[PDB]
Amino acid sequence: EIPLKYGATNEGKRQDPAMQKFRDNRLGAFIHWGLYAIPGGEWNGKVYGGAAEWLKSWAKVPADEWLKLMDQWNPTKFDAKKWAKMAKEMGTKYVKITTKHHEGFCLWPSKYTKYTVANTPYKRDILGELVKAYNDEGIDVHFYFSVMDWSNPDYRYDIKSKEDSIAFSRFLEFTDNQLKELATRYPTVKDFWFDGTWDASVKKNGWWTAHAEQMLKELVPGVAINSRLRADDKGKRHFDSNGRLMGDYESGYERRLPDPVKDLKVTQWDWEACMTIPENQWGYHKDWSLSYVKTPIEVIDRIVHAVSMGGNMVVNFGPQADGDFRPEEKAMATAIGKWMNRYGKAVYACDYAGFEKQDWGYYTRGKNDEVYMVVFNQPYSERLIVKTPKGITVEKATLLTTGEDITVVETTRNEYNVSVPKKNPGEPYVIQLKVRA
């Protein structure tokens, strides 16, 4: 195999208690909040279809003019405690927060740039307030951090000269300064989730991504670091040139979850999917009619899908410029929350069950060999087919919400019909299996 100084560090899955916690959490929320919430995808009376947090790009807005949006940053309805309560009611165990998105505006009063919350009418340390409020509810906080920074002239998209190399070096020192600052100001952070690391400039500096991961693990014991940060000696990203995952989990699947039949390889490493409610809006966008908006069951389906394949799922929110959430997002949080309250035993601290996928829905495995059937598609046959692996027998089936016994009929070796419940639950539901050796 290829000689590497900056390839994969972990052999298989980390199993220290912090990584176990990161994994067992399973369901998180994402917060994309930045200057982009003010225009909300509209620039000079025109609504753009592109992702709102990218509006500076779509509308060709110079750095100086975009960043003047700071003068309007005054989220008067913001209440960190109420944000924390919303997250708790939704059943999220963690929240990932945009500390600085591509635009380069910091949600914490960084010492290293003037483009921060400190220099707006609101003045207050938003990041600090959220970290405390979430933590007070027993919710872990993860930091989103964009390496790419449209506010800083030293950023480069590629290195094709000594000049680029010198500027980028300065940029990387500035970046390191911000990272160490976050890590030491907010020592309860559990994860750094890097974004804007896809450029050729970053690929040519694999050494730096490995140093950034080491630097943070040294500052925050047990911290998690995503694969999206990492490039190796050859510029190959996420997985090194020997095929081994870099960082602590694979971060991806924003557009496409792993196929439950063809993508079983993913069960071999920790991973996390983040998802938007509309097709592709992360930051606040004023017009959600421009693309398909996922219903609660469609989101729940994805959450279970991820867990059923040994992955976490994170649901994105784009708070309004006033510091409140749109009613579509409040409804989603509440609907997920109701369902999680009923059926979350099949999600929290669950993993890949090792069973062949069936059409009615998903399996998840509890930590102590509970096998949960999560039914999204109710069979007219009134029979849920279960094909067990070699050695496995189904001893009992129980409806999760009521404890009622569910009929199990053996149909052939390694195959059973689990009866649907006597009364249709009328929403996606869970049947718990007692299995044996």
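Under this definition, the rigid core comprises the largest set of C-alpha atoms superposing within 1.5 Å between the forms. Numbering starts at 1 and follows the sequence shown.
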Segment of greater CA departure in 7 other deposited structures of this protein, 26-34 or 42-50, core superposed: 42-50
212-220 against 154-162 - segment lying farther from this form in 7 other deposited structures of this protein (CA RMS, rigid core fit): 154-162
Mean C-alpha B-factor comparison - 306-314 and 352-360, higher one: 352-360
4-12 set against 427-435, stretch whose average Cα temperature factor tops the other in the entry: 4-12
Member of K367, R230, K96, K180 with the greatest C-alpha B factor (per the PDB record): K367
Of the residues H32, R26, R383, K60, the one carrying the largest Cα B-factor as recorded: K60
Entry-reported Cα temperature factor of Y48, expressed as the chain third it lands in: highest
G283 by Cα B-factor - lowest, middle or highest third of the modelled chain: lowest
Relative C-alpha B-factor of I159, binned into the chain's lowest, middle or highest third: highest
Among modelled residues of the same chain, the CA temperature factor third for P296: lowest
Chain thirds of CA B-factor: placement of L290: highest
